[PDB]
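What is reported rests on the model, the rules as stated and the sources as named; nothing here is a laboratory result. Here the Cβ is made from the backbone with ideal geometry for all residues, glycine too, and neighbour counts use every protein chain on show.
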Amino acid sequence: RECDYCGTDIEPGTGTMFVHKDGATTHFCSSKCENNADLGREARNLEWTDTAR
Amino acid sequence: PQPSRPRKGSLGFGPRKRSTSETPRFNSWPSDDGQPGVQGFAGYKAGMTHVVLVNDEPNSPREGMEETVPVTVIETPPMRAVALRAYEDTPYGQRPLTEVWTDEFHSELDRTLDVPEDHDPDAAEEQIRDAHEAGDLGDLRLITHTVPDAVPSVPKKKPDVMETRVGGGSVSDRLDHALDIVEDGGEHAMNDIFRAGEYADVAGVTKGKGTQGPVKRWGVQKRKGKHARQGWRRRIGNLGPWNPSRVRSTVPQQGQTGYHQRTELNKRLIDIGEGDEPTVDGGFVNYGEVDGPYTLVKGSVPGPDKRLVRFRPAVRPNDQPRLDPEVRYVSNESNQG
Amino acid sequence: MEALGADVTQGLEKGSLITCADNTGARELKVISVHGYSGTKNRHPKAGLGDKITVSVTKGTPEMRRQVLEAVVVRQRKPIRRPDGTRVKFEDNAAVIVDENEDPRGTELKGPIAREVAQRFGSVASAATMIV
RNA sequence: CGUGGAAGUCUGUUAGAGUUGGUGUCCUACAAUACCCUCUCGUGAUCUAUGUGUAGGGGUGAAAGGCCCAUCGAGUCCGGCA
RNA sequence: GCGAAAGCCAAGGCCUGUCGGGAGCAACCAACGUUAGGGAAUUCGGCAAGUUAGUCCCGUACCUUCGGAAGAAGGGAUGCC
RNA sequence: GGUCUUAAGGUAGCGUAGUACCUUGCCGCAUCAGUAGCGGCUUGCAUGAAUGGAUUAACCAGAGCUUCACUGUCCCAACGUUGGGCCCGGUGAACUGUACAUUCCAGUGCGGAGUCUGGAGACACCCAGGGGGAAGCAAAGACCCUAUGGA
RNA sequence: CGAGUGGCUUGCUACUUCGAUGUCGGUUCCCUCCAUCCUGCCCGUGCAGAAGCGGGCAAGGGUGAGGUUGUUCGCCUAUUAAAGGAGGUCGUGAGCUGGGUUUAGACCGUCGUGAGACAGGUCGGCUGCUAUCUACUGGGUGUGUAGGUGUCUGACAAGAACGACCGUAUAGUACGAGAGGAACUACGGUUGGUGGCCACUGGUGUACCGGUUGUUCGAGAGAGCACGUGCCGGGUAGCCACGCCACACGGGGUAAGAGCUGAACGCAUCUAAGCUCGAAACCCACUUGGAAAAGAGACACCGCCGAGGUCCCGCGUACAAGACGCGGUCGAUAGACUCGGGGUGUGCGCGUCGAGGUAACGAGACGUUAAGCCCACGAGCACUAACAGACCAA
Ligand SMILES: [Cl-]
Ligand SMILES: [Cl-]
Ligand SMILES: [K+]
Ligand SMILES: [Mg+2]
Ligand SMILES: [Mg+2]
Ligand SMILES: [Mg+2]
Ligand SMILES: [Mg+2]
Ligand SMILES: [Mg+2]
Ligand SMILES: [Mg+2]
Ligand SMILES: [Mg+2]
Ligand SMILES: [Mg+2]
Ligand SMILES: [Mg+2]
Ligand SMILES: [Mg+2]
Ligand SMILES: [Mg+2]
Ligand SMILES: [Mg+2]
Ligand SMILES: [Mg+2]
Ligand SMILES: [Mg+2]
Ligand SMILES: [Mg+2]
Ligand SMILES: [Mg+2]
Ligand SMILES: [Mg+2]
Ligand SMILES: [Mg+2]
Ligand SMILES: [Mg+2]
Ligand SMILES: [Mg+2]
Ligand SMILES: [Mg+2]
Ligand code: NA
Ligand code: NA
Ligand code: NA
Ligand code: NA
Ligand code: NA
Ligand code: NA
Ligand code: NA
Ligand code: NA
Ligand code: NA
Ligand code: NA
Ligand code: NA
Ligand code: NA
Ligand code: NA
Ligand code: NA
Ligand code: NA
Ligand code: NA
Ligand code: NA
Ligand code: NA
Ligand SMILES: [Sr+2]
Ligand SMILES: [Sr+2]
Ligand SMILES: [Sr+2]
Ligand SMILES: [Sr+2]
Ligand SMILES: [Sr+2]
Ligand SMILES: [Sr+2]
Ligand SMILES: [Sr+2]
Ligand SMILES: [Sr+2]
Ligand SMILES: [Sr+2]
Ligand SMILES: [Sr+2]
Ligand SMILES: [Sr+2]
Ligand SMILES: [Sr+2]
Ligand SMILES: [Sr+2]
Ligand SMILES: [Sr+2]
Ligand SMILES: [Sr+2]
Ligand SMILES: [Sr+2]
Ligand SMILES: [Sr+2]
Ligand SMILES: [Sr+2]
Ligand SMILES: [Sr+2]
Ligand SMILES: [Sr+2]
Ligand SMILES: [Sr+2]
Ligand SMILES: [Sr+2]
Ligand SMILES: [Sr+2]
Ligand SMILES: [Sr+2]
Ligand SMILES: [Sr+2]
Ligand SMILES: [Sr+2]
Ligand SMILES: [Sr+2]
Ligand SMILES: [Sr+2]
Ligand SMILES: [Sr+2]
Ligand SMILES: [Sr+2]
Ligand SMILES: [Sr+2]
Ligand SMILES: [Sr+2]
């Protein structure tokens with residue numbers, strides 16, 4: 001599909017889908033960016049992401 | 001009372017020493033049912049990628065739904081059945097009676113062989129037929145070999161020679177089928193014996209691990225709790241009881257781990273092809289870019305990239321064949337992420 | 001049991017504390033057993049998503065505490081795998097107390113549930129709010 | 001509330017003294033009692049250098065039969081003694 | 001920096017806690033780092049390791065010989081310009 | 001028993017205790033489950049008043065148990081780091097050695113044999129390993145008894 | 001009541017060791033016994049079914065996790081198909097542990113005039129050694145069979161390479177008044193074991209990139225030290241499990257058992273001859289090893305004056321030495337260069353904005369700049385280095 005974080009055109013058969021306290025669903029194209037949200041960082045805030053560039 | 005526990009590691013693949021021929025040698029060939037045909041082919045492990053298919057299982061509810069499946073890429077360019085060996089049945093099993101060769105050889109077959117200069121095919125052939133006429137012809141196998149040179153990723157040009165059995169038709173019929181193949185140049189492809197969807201038996205020599213301890217080699221526990229600080233960590237409890245006053249060869253011990261022959265069963269051929277369809281971005285790590293003859297074998301395959309893997313129609317199949325599965329997507333995504 | 005439809009990695013072991021996601025009055029649950037599980041010498045019997053585990057009420061109402069009740073693991077932290085390789089994990093490992101006939105002991109099911117749990121314990125499914 | 005600055009007071013690898021655990025390292029050792037981490041005391045019945053006194057059935061001992069030159073339920077040497 | 005504390009650096013001293021060379025350097029051992037999920041299930045026993053941690057502020061129970069308990073607990077704060 | 005020995009005949013308290021044999025005492029607490037720990041009961045095999053009894057704030061590298069927190073202690077192991085370990089130059093010991101000795105399986109024997117009996121097995125040499133055996137090596141057993149021994 | 005087998009308890013004996021054969025419990029690791037707890041095939045029933053009760057064959061595999069106690073034992077909990085028992089110097093301390101017993105210190109109860117005692121309790125209290133032989137795990141060198149290469153054979157050897165469970169349909173059916181409630185078969189999954197692999201998830205990653213604290217090189221740039229990364233973040237290749245892949249049926253011969261034909265005994269009889277069937281157990285099947293199998297093997301080709309091999313040189317699909325594999329110009333083997341594929345996260349310098357400040361000064365933001373820096377991978381590229389040549393050999 002597509003990463004619910006950075007915005008990369010996600011590769012089929014490769015990935016992680018995340019549910020939350022609320023119950024939403026945020027996908028991840030990699031734990032590289034997964035661990036960015038653990039650091040409070042945003043996709044737009046972080047230049048290196050498809051969102052911010 | 002001390003709970004029960006299965007012994008650490010299997011005793012079947014013993015002794016666990018380095019293999020003699022890095023080139024696998026099947027010790028059991030398929031039964032003679034169909035038409036005359038060679039019973040196996042070979043290639044070279046390239047790497048791994050996944051693929052998406054449409055469920056073939058008529059029993060699974062997933063039947064018709066897409067499904068992501070891992071696959072080992074194996075470049076399987078055309079080999080050359082350079083000869084035909086005959087076996088006579090003697091009171092001491094089978095013994096090579098005689099072989100029949102050719103003229104057209106591969107330009108570099110002499111890198112490993114002492115290529116023939118003066119062979120008498122027609123005569124040798126006679127010997128086989130007179131033996132069949134007598135009712136002593138056992139089974140018919142074809143001395144075969146590969147063109148490593150064809151595969152660029154593989155540095156070796158010096159061909160890998162291995163014999164393969166031919167069966168199917170009646171002794172006579174398959175005998176001729178053999179000669180026919182051989183009486184050309186022996187060139188044949190994987191599609192000359194396989195078809196996507198068929199389960200095969202891939203045999204290979206495992207990855208080289210060198211000497212390793214019991215823990216790694218035989219899967220034995222590490223010292224636990226307080227026992228892991230006194231100066232013992234990956235060493236086992238003991239080598240046996242007081243009596244027998246000896247060390248039984250069944251106790252997990254340090255030794256050569258890896259580089260063993262393994263015959264991995266029921267490997268389904270997910271797709272046979274040719275071209276750069278399975279290659280990866282940047283290239284298969286520590287191998288290279290694929291382009292040409294090959295096979296996408298479902299799951300893992302014994303051995304490291306560049307090693308000669310050998311195929312064979314499944315001697316002990318469990319399910320029924322689902323020829324040509326619908327391969328929707330083959331991953332081209334880089335293997336450096 | 002009816003094939004889950006996904007490959008898990010039991011995020012919990014025996015004695016592990018999970019949240020009882022429902023309105024039974026039970027807050028904390030202690031995994032005690034795993035219906036249909038026989039381990040091997042020296043191993044913490046592993047409990048995972050989509051397992052009918054025996055459980056003990058750790059925290060809860062005076063009437064509920066110290067009770068040995070059955071439950072179905074609804075959520076867990078360690079990822080599971082779906083047919084398309086994609087992984088899925090939960091904000092927390094939790095379970096729903098179920099009964100003799102495997103029907104929820106409460107009426108409300110707090111938080112999400114897995115679409116794999118549904119298959120097996122549909123009575124729990126036809127109660128689930130969010131089904132991921 | 002401030003001043004004052006008491007104490008066999010506190011924290012402390014200040015110097016210094018001690019030595020709980022790892023039953024870790026070592027165990028033909030670096031060492032015939034060692035190394036490392038941890039740990040205790042640390043203005044007092046405190047620690048310490050030098051000088052000096054008590055000597056063997058005797059000293060000395062906040063007492064463990066501890067210590068009195070690697071020797072202690074009675075030192076060490078030589079003699080009785082072959 | 002509270003400091004005769006740590007860490008860093010002078011003055012000064014030294015490369016003599018005095019054998020070297022080679023192998024991405026295997027097994028195994030000593031020291032040690034990091035380990036997803038779970039979290040004492042380990043063990044005689046949390047042994048080992050870890051957690052906590054400086055300073056300021058709010059706040060602090062039972063009991064008490066009123067001396068103490070007490071840094072109880074608990075909560076917040078913390079850089080730079 | 002409703003005094004007798006031998007003077008008196010256990011009082012306050014404390015009590016299944018570092019004392020309680022029975023004993024994992026009964027009850028409760030606590031845990032899924034607690035020979036553990038705490039409380040209570042207590043006839044205490046064989047508690048008890050300076051042979052001090054009870055009580056206790058504070059103190060403790062003292063003994064036992066519970067909770068929160070933490071974690072490779074464990075589930076169940078992985079990868080890494082540094083010094084060894086391995087090959088090479090150089091230096092260069094010691095423990096041990098009646099003899100023979102490629103062993104295994106049984107048997108036998110002072111009843112716990114590489115060496116005897118019968119079988120089986122076994123081409124020689126060398127490298128690394130973890131230590132099953134040599135009732136391995138290291139100490140004329142501390143245990144036990146004996147001696148017209150010692151202190 | 002009588003007859004026995006065992007050698008696990010206990011007891012008896014005093015043969016064996018006192019110039020020493022290390023204790024209990026535990027742990028780890030391997031082999032075994034069957035008097036079988038489970039799993040397979042069976043007989044009986046107070047056998048409708050279902051769930052049982054008793055018995056037979058059977059040792060393939062399994063027989064798990066926890067609470068108190070040092071416990072062995074045992075008690076208790078929850079799972080299970082079941083959570084069987086015993087032997088191996090009460091297997092295993094030149095393996096570990098050291099909780100109990102059983103030193104030297106000490107307390108309590110008891111006894112004792114006393115020293116002191118205890119087949120009472122309690123706190124504390126140490127674990128040596130560089131492997132000669134032999135044994136087994138793996139790795140080499142030689143001799144034998146008697147030039148070389150490649151391919152085989154298969155006496156023999158190993159395996160548990162598989163074990164078990166749940167669910168679906170069968171079927172709310174057989175059966176039963178009902179309650180309750182199957183099977184054959186075919187399917188899906190789980191668990192334990194097993195061998196292999198790394199596309200994906202996960203861990204590591206003291207390669208690397210980034211933030212940042214202290215201090216030192218004046219500042220800036222850029223750098224060293226802070227344990228063998230200062231700490232924090234991310235982290236590729238690789239290795240890995242917590243990831244992923246694969247692990248029969250069927251045949252053949254029996255056991256217990258069901259039977260067939262059948263006599264001694266005209267009948268009868270599963271047995272005495274003969275025969276059909278029948279266990280997870282046996283053989284086969286499948287995997288592994290295996291010309292040193294002394295009957296020391298087979299086939300094809302090449303060569304005896306030359307086949308081939310060593311050396312050497314460049315390197316890994318190999319690796320503790322040795323071994324192994326590949327390449328060596330008729331070349332892509334390694335390095336440099338350039339792409340590509342990746343890691344980090346936006347360079348130094350400069351411009352602007354910037355809370356302010358008289359000004360000096362200014363943390364910071366922004367642009368230049370998805371920038372700069374980096375890679376254990378792949379491609380292209382013979383530029384560099386695979387050069388030079390030596391030797392053995394029927
Ligand atoms: Cl161990
Ligand atoms: Cl359980
Ligand atoms: K003895
Ligand atoms: Mg990768
Ligand atoms: Mg990735
Ligand atoms: Mg255990
Ligand atoms: Mg003096
Ligand atoms: Mg963890
Ligand atoms: Mg335990
Ligand atoms: Mg500690
Ligand atoms: Mg009591
Ligand atoms: Mg003696
Ligand atoms: Mg004595
Ligand atoms: Mg005397
Ligand atoms: Mg001994
Ligand atoms: Mg029997
Ligand atoms: Mg058996
Ligand atoms: Mg004890
Ligand atoms: Mg023993
Ligand atoms: Mg031993
Ligand atoms: Mg010992
Ligand atoms: Mg004790
Ligand atoms: Mg004394
Ligand atoms: Mg030793
Ligand atoms: Na040690
Ligand atoms: Na022993
Ligand atoms: Na005052
Ligand atoms: Na110390
Ligand atoms: Na004297
Ligand atoms: Na008294
Ligand atoms: Na003190
Ligand atoms: Na660790
Ligand atoms: Na040994
Ligand atoms: Na004495
Ligand atoms: Na007997
Ligand atoms: Na023991
Ligand atoms: Na068995
Ligand atoms: Na127990
Ligand atoms: Na013994
Ligand atoms: Na022991
Ligand atoms: Na010891
Ligand atoms: Na059968
Ligand atoms: Sr073969
Ligand atoms: Sr074979
Ligand atoms: Sr130790
Ligand atoms: Sr013996
Ligand atoms: Sr003080
Ligand atoms: Sr200790
Ligand atoms: Sr040391
Ligand atoms: Sr010592
Ligand atoms: Sr330590
Ligand atoms: Sr102090
Ligand atoms: Sr002071
Ligand atoms: Sr004398
Ligand atoms: Sr200097
Ligand atoms: Sr020197
Ligand atoms: Sr890291
Ligand atoms: Sr505990
Ligand atoms: Sr425990
Ligand atoms: Sr605080
Ligand atoms: Sr009284
Ligand atoms: Sr050794
Ligand atoms: Sr049975
Ligand atoms: Sr016993
Ligand atoms: Sr008992
Ligand atoms: Sr045992
Ligand atoms: Sr002890
Ligand atoms: Sr005692
Ligand atoms: Sr000879
Ligand atoms: Sr059913
Ligand atoms: Sr019904
Ligand atoms: Sr450094
Ligand atoms: Sr019969
Ligand atoms: Sr031979």
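Brief remarks on what is shown
- Single residue of the range C:41-59 satisfying the filter (farther than 26 Å from A:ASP22 by Cα and outside any loop (DSSP other than H, G, I, E, B)) that is farthest from the other protein chains (Cβ to nearest Cβ): C:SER56
- You will find that of B:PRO77, B:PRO30, the residue that is surrounded by 15 or more Cβ atoms within 10 Å (Cβ to Cβ), away from every other protein chain (no Cβ under 14 Å) and either within 24 Å of B:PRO321 (Cβ to Cβ) or of a type in the set (S, T, N, Q) (or both) is B:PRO30 and no other.
- Unique residue being in the same structural domain as B:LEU109 (by CATH) and surrounded by fewer than 18 Cβ atoms within 10 Å (Cβ to Cβ) when the list is B:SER172, B:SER249: B:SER172
- Residue within the range B:186-203 that is closer than 30 Å to B:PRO317 by Cβ, out of contact with any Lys or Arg (no Cβ under 7 Å at 6 or more places or on another chain) and among the small types (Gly, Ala, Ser) present: yes
- Of the residues making up the range B:135-146, one or more are part of a loop (DSSP other than H, G, I, E, B), of a type in the set (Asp, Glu) and more than 16 Å from ligand 45 (Cβ to nearest atom).
- So B:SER300, is it surrounded by fewer than 18 Cβ atoms within 10 Å (Cβ to Cβ), closer than 29 Å to B:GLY14 by Cβ, more than 16 Å from ligand 46 (Cβ to nearest atom) and in the same structural domain as B:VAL202 (by CATH): yes
- The residues of the range A:1-40 that are more than 13 Å from chain B (Cβ to nearest Cβ) and either in contact (Cβ under 8 Å) with a residue 60 or more places away in the chain or assigned to a helix (DSSP H, G or I) (or both), listed by number, are A:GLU34, A:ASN35, A:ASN36, A:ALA37.
- Residues of the range B:180-239 that turn out to be more than 16 Å from RNA strand D (Cβ to nearest atom) and either part of a helix (DSSP H, G or I) or within 14 Å of chain C (Cβ to nearest Cβ) (or both), as a count: 15
- Among (1) more than 13 Å from chain C (Cβ to nearest Cβ); (2) more than 26 Å from B:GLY255 (Cα to Cα); (3) crowded, with 18+ Cβ neighbours inside 10 Å, the one test that B:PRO24 misses: (2)
- Scanning the range C:60-85 for residues being of a type in the set (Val, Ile, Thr), away from chain A (no Cβ under 14 Å) and either surrounded by 17 or more Cβ atoms within 10 Å (Cβ to Cβ) or not in a loop (DSSP other than H, G, I, E, B) (or both) gives a total of 3.
- Top-ranked residue in the range B:206-235 [being of a type in the set (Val, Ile, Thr) and under 30 Å from B:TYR44 (Cβ atoms); ranked as nearest to ligand 6 (Cβ to nearest atom)]: B:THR211
- B:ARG235 meets all of the listed conditions (1) buried (at least 16 other Cβ atoms within 10 Å of the Cβ); (2) away from ligand 43 (no atom under 16 Å from the Cβ) but one, namely (1).
- Listed by position, the strands (runs of 3 or more DSSP E) enclosed by the range B:254-337 that each have at least 3 residues that are over 22 Å from B:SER31 (Cβ atoms) and touching a residue at least 24 places away in the same chain (Cβ under 8 Å) are B:255-258, B:261-275, B:292-298, B:327-330.
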